[PDB]
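Q: Can you look at this? It's an experimental structure, sequence on top.
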Amino acid sequence: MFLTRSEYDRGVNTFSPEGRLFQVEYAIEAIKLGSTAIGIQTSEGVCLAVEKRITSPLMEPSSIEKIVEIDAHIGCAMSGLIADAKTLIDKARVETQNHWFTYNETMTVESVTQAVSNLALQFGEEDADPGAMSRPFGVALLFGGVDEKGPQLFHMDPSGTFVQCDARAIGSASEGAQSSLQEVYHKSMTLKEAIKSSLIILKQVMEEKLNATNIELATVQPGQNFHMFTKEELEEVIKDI
Amino acid sequence: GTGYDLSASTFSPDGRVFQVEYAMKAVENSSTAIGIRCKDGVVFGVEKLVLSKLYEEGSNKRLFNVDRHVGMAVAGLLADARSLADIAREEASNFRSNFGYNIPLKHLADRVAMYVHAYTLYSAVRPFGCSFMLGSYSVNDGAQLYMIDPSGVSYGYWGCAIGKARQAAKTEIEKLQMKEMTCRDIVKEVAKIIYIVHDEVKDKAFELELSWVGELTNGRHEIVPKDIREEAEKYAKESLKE
Amino acid sequence: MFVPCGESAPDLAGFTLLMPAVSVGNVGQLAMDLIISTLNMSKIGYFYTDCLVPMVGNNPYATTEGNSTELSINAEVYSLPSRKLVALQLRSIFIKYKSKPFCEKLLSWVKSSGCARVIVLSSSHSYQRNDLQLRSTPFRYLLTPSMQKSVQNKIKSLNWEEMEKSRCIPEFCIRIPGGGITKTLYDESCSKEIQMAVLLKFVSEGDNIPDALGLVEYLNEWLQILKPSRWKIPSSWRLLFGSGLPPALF
Amino acid sequence: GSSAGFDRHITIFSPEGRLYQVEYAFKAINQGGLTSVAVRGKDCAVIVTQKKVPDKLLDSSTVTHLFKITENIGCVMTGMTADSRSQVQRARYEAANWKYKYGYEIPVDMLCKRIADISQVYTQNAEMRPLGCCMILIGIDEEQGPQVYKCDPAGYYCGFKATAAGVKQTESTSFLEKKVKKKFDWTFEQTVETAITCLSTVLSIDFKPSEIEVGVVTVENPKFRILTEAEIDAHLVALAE
Amino acid sequence: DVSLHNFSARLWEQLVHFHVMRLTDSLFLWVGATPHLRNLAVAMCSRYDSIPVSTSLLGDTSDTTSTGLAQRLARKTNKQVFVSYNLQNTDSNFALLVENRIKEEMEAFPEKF
Amino acid sequence: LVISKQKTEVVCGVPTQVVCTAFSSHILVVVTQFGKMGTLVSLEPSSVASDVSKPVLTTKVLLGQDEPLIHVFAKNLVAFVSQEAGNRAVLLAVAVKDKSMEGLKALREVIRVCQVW
Amino acid sequence: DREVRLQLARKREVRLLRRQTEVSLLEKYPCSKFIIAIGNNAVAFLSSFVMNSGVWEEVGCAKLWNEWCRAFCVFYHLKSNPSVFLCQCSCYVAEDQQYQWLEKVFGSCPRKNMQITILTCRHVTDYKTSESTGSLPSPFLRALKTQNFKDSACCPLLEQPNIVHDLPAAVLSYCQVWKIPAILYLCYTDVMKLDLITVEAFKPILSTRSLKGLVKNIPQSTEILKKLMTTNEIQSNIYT
Amino acid sequence: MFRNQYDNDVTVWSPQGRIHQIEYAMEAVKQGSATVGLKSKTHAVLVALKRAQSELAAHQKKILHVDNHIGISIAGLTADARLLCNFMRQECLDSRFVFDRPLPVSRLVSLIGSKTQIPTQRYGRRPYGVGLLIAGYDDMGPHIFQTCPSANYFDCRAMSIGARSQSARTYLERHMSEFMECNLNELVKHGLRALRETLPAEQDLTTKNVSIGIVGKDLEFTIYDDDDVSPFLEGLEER
Amino acid sequence: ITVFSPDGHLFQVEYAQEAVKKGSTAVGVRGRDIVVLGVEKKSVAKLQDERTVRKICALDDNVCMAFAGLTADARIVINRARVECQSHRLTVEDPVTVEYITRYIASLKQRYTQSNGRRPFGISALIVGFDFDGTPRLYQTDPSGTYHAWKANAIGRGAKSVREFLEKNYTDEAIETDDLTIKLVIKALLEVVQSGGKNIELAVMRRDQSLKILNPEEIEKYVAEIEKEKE
């Protein structure tokens, strides 16, 4: 009956007895460590909301950019390790702008997510170079954009693969926020309703108060392009809620 | 040999590499496969242990056809067996193209033996977990049967077995005299041996997988006809009973 | 922390303890369990301490069907009063920074109860000394000065090989890296001047059944446990290396 | 791997400045179970080794230990058969390279030097293990006549006149030195009889034509030839009389 | 069209070589004494970021030399610049000299970048 | 100090400026249509290559769109280049519009014309 | 150094926080049937069946922290007769904190009358079996009784080579050492997440005397309640 | 106890002649969701159980489209699934692009096995931890191919892998003869019944948690979403 | 190094954070027309010139930075940053922006903390300076590679305590002029270390000027009047 302490978590390629790569799950835990970021997609576009929680007032909220603008028709919200997301964001921007420069066509958000995945999975696959990709990225991206297909919201975890979702909450309040999303959603949701619900749930799952300073939100719409709400617009929306 | 059995590039104090021995014994774990090199040709026999009825007949086939003339019976891990079969196919095709005629069995045997030995040399790659019997017959070369132990030995056999019942199979084979007869009786004899070595209590069931190469099949490795396999199975069952 | 199985609190006055150690692999524990099964040493108590990670299971030494249905905690002690023989049995891995409290508690237990000689079966690393382990026999001994001189002369007559006294930080303090618990336990015993001996063996991680057989033979040669087929292996020595062959693999 | 132990890692030196992996390779050569001899006569070079065939199903013809690298250079192998065959193939490749580049036949000295360099590579790089086999090269040299060179996994390639390798190497070497000190004519028949009787007396068994295999290279015929069982039987009769 | 302006310069002491592929605006630049494609990064002016967006295509990620040179060259010129710096260590001061070296050539031959 | 051969030939109605620059590590095959770099794909032959035989060139997109069509196109375009280049890893900056067998053959013969290996 | 380690030791140690708002639980009120639920499935089955009739007033919660799981350790008593106690512990208790948890629950003054029924689930791979793990039934369960339990187990006992560690083993060892009747049920399930098959396998226990009269039958109410917790936190993208 | 020393890496052989890492990979498939694969004399139906959670969070696309006559379902890790699907798509597209012929299913499975064998042999790698149920229709006819995480693959009449798939296996083994001689609708209903028996007693086959991909004699591999599975759910008995 | 903790923490970055915590207190203030840096000093230097132990440096003329942690990696990152600044000044021919160099350093730290062949930098670069238009700047990178703009940051020995004290103290009234910013930085440093004096390594940079290492005589006289104000 002599049990010996045995651990399989150190090896990234090492399987657990039931077939679990513990390093990837630890990356998901690091994801949970990050701030909440909830994005909702509707027939009128995709809404992206995320908390710019700050440490001490000395922190400048302008520096924090949880929502980026990969392309005019592509946006992305993040939660977790921003430094990790920097490389993926640069790769996505390079792909989009290079496609526009060469083929004079707007690269589809699905293909951008694909390429980001190729970059994401490179930590495990190949990694031929000595100082090559080593660890999975500890950051999750809500690639919200509108393409020929229409409003498309994608989500990637440190696993390294994107999935097309409709309403996801990623971060510290991964669940609970998702329960609120489930309670509030339908195919008939309008953009205004989506924004209102997203900000309401942000307030519900936030420890601070909903003010334009500590919150950031954007909407990617078919007719329009990526439009990050300004301070005045954000204040108006939170006043509505 | 504790401590010295984790890498294929580590010598034990006795002076043996334990990874290769573990590969051989993992080959032992699988069901027994038997090959015979009679005067007419080479006859193969494998105890294809059926796992579930869901698998369609012919799945997990153990008798591969490297080329028209050269066949192969395998044991141990089947993935490594398939990889080695592909490698042997490539080598045989390369020789047939560059030189223009079918490869002598000795050349394929020692080339694959060198490859598996190379795998056994290095610490990074692990030794192959499969042992196979490269057997073939040629009107000029003659009936040849070579077993490729994961270690990397290329020994010509007149008859040998590989698997869990390897010892009893070898005893029965050496009781048999494998010289100067047609393969028509060798198929029956090998089926008989497979029936004896099979353990019904442990192994729930098995399927007879017989292939042969010789003058009867014009020096081509082909699965035995259904009628001949049925006759051999009937003879083996009759011999086993009482 | 000795808790009797019943309520009589059997006294271990004038007894000899047989404790294992968490050595390379499980040589000490395996040998201890092997001798327990061979000698049919009945359970007498439960040494409940806060030093090992808890574990439970049926009786390792099933023997009879009635005895099969029992409970085996991480730390249990069996004894054979016929030969004034008592034996602890460790079957658990240690909690961080808890081995030394175990050493102190067990030293106090043996001092108070009266168990005279504590035998610590263990195992050290294969390389051990500066190529001396490869040249010399793996078996060694390490007996405290308080050990009875009769046993010392018996060992001398046995013509055994003493501990190499591996060089450590001052200059030749006995070091047993494989055992781990063995060094601190020996130091605690020496401070308490409690008669005890460490019987180790230079081995490496892996299958250690032959090492356990060698160690129990060493102990038999010293104290004539059985007869200086032979040892009745426990029923616990089953499925100790695998959980069946997956059919799809082969 | 990071194998700290000296006994299970080639690179690390033993505390007494010894390479335990090389010693274990020698023990592997012993584990081969067979013994081989080689004698450099005044007219030829001989190599005699026993051919113990397990059982009878194994084809006695296929199992062999006498190999030829270059048409004038012979060889005898001792140790694991896989390692022996690998070293034989590497020696053949080296001979082919020498013939192609330099244009003339590879001298035995240079062939053993190259094999010793390969053995040094094996015993220095931690990646691979020393090949568990000892190879003895024989051949006819235009300047030194018959030449006997023994290469070993350690990287030691000194040439010999009479040498042996295997489980009975020590006793065979003792008897061979005893014979050498007499220093008789060392004729073809003389040297062959010396080698075969050395093997027979060290193994303390009677030899049969099929129980052993003999190969010889002579000045009259530089091409290496493996003596047939008929010649071995004739030589055995010669010893008998 | 693509003007393959291949040239060499005795940067410091080693005769580091250079390669140019004009295309239309996707200039390609290679650097290295030995003919090896060790690293490669593509950078071009971006309307979303002040620094031109660049990604390490292939090679060691912990180099930040090819990417930086590509960004600076893409800011100097327009469109893409496929820098392929392939110096082993070269410390870091030597890289500045190469940046000077290529700079002089662009002034000498604006067409043959 | 590298060797580059460029052949601008108008096949299938598109002026493909095939460029082939020979590096020791990776030969760069630039099949540039629209006069731009376009997608960059890396084809790395398998090191083992069975018993020193035809290898498996790992298809990997470095820049542009990930598509099995473009992967196979690069495979067929640079397979012979890698095989005749001593089993050397070869990169391809393909930027073509239409991907069909006739176009592939035309580009293949154009590269053979502009060969530097 | 040492001070930092001491701070970590506090962070890891179990702290007993009363739910009614350094005395241990059993030291405060004695119990007669203390039910322990370890794991999400065990507590889910408890809430579904046992915590269906009665007040089940919250008495305490043993909040703790570890690198694996910080969930909850709320303790309950029926409050119709406080003699019977309960515990829904979902947070994973580390090895260095299991004995601290035992001290907080019992301490050093046990009653020696409780039929400690432990509810926990293990994985099939843990089950040491002669045949392959794939041949075993998915939800099958096992039992571990103590010396003075004397009540027949509803399921076969574990085999010899098989063992159990962690908190259930801690409580069972405490009971055995101090001679407290008990039984440790192992629900070997392939799925460790919240699945109603695991609780269906846990069902046979309510039939036996252990946790017999606490459940007020009503399978329909319990069965409907089981579908309530079937909804859980969104999984990751690792498996599909 | 001893197996702990011989399971850290994939290149180590246990004293029992086993590689436990391959066993752990083979369990990784069980870690995934259940899928059912069965075929008839003219059709090959691939029925998969979408995770019974809020599909808003993630559209679990277990059934993937490979070619016009090959499609697969995911059971296990998603990264390996995506890599294998991409590889199969490359090979099929290359065949149809160069030789202008549909790639036979058996050849594709052989290539998959050869590709997945390499990680097992090489150091620092891991076997592809996903099980594929390849439902294809080449010249020979319908083919359901079981691809284990190990390179070993099986040509199967009816199969089901994933969590709690043993009940589905039992159901399939109990009705093989019916599967062989069934039409499209009956075969799909049989697969759905197998999946239902995979599901607990309380849970039933809803449109939200069921996806099916069918390839046939004149039917290209078509994935039927939640809206497109109702026709088969209708007419299927609850019992 | 490349493995995550069960909670999702990379061990290497946390160890680098601990190394930073053992470093000196790099304190900066984003004043208008003036940016002030401040780093705690271990005095000593009984036989060593202060020139070689200058923790506060100047990356070109419009950027100056201070670090907290190991000084070797700090020296190499400073060398790389100044080389990048010179290369930009050469090619682009524009004054390097504080944002630009801060992002470069953050990217370098990210690269070094990602690959397992190299360990992360065990420092936290606190970068200040003035942009082309003269806007004061204040940034602080981390071994992880997260660059964040701050109003008045403080990282090093007892980072949290000095940070919260400065947050309580930092006000636009305290940021007006430049003497007030100097008082704020000196107050934070003195709160960190009571000895003061030589331990207070002070550096100031104005809008159109270069980095001026404030002389020790100036540092102590400001301390004296700060003491006078308290009484």
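A: That came through fine. Residues are numbered from 1 along each chain as shown, chains lettered A, B, ... in the order given.
Q: Could I get the full set of helices for chain G?
A: Applying DSSP state H to chain G gives helices spanning G:2-12, G:25-28, G:40-49, G:95-105, G:166-177, G:196-202, G:204-207, G:219-229.
Q: and residue H:14, what element?
A: Taking DSSP states H and E as the definition, one finds residue H:14 inside no helix or strand.
Q: ok, it - contacts?
A: Residues in contact with residue H:14 (C-beta atoms under 8 Å, 6 or more residues apart in numbering or on different chains) are B:22, C:241, C:242, H:2, H:3, H:6, H:7, H:20. In this view, the C-beta of every residue, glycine as well, is placed from N, C-alpha and C.
Q: Now it. Its backbone dihedrals?
A: Dihedral pair for residue H:14: phi -70, psi 160, per degrees, to the nearest 10.
Q: Can you tell me how far it is from chain F?
A: 26 Å (C-beta to the nearest C-beta, to the nearest Å).
Q: Would you map the strands across chain H?
A: In chain H, the segments counted as strands under DSSP state E are H:35-39, H:43-49, H:63-65, H:70-73, H:132-137, H:142-147, H:153-156, H:158-161, H:210-216, H:222-224.
Q: Revised request: answer the last question for chain B.
A: Listed in chain order, the strands of chain B (DSSP E) span B:33-37, B:41-48, B:63-65, B:71-74, B:132-136, B:144-149, B:153-156, B:159-162, B:207-214, B:222-223.
Q: Let me have the strands of chain H in CSV, adding mean neighbour count and distance to residue C:247 as columns.
A: Shown next, in CSV, are the strands of chain H (neighbours: other C-beta atoms under 10 Å in any protein chain shown; distance: least, C-beta to C-beta, whole Å):
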stretch, mean neighbour count, distance to residue C:247
strand H:35-39, 31, 19
strand H:43-49, 29, 24
strand H:63-65, 21, 27
strand H:70-73, 28, 22
strand H:132-137, 29, 18
strand H:142-147, 24, 13
strand H:153-156, 21, 11
strand H:158-161, 28, 14
strand H:210-216, 23, 28
strand H:222-224, 16, 32
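Q: Chain I against chain G: which residues are in contact?
A: I:5, I:6, I:7 (C-beta under 8 Å from any C-beta of the partner chain).
Q: is it true that residue C:43 lies in a helix?
A: No: secondary structure assignment (DSSP: H, G, I helix; E, B strand; the rest coil) places residue C:43 in strand, not in a helix.
Q: residue contacts, it?
A: Listed by C-beta under 8 Å, 6+ apart, the contact partners of residue C:43 are C:5, C:70, C:76, C:77, C:78.
Q: hang on, the earlier thing: let's have the strands of chain H in a markdown table, adding distance to residue I:139.
A: Shown next, in a markdown table, are the strands of chain H (distance: least, C-beta to C-beta, whole Å):
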| stretch | distance to residue I:139 |
| --- | --- |
| strand H:35-39 | 52 |
| strand H:43-49 | 50 |
| strand H:63-65 | 46 |
| strand H:70-73 | 50 |
| strand H:132-137 | 50 |
| strand H:142-147 | 52 |
| strand H:153-156 | 56 |
| strand H:158-161 | 53 |
| strand H:210-216 | 50 |
| strand H:222-224 | 50 |
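Q: Give the next helix or strand downstream of the longest helix seen in chain I.
A: The single longest helix within chain I, with elements called by DSSP H, is helix I:71-91. Per DSSP H and E, the first helix or strand lying C-terminal to helix I:71-91 is helix I:98-114.
Q: List the buried residues in stretch F:25-36.
A: The neighbour-count criterion (16 or more other C-beta atoms under 10 Å in any protein chain shown) identifies F:26, F:27, F:28, F:29, F:30, F:31, F:32, F:33, F:34, F:35, F:36 as the buried residues of stretch F:25-36.
Q: what does chain B put close to chain H?
A: Near chain H, when you scan chain B using C-beta under 8 Å from any C-beta, you find B:5-8, B:18-19, B:22-23, B:25-29, B:52-56, B:58-60, B:77-80, B:82-83, B:86, B:119, B:123-129.
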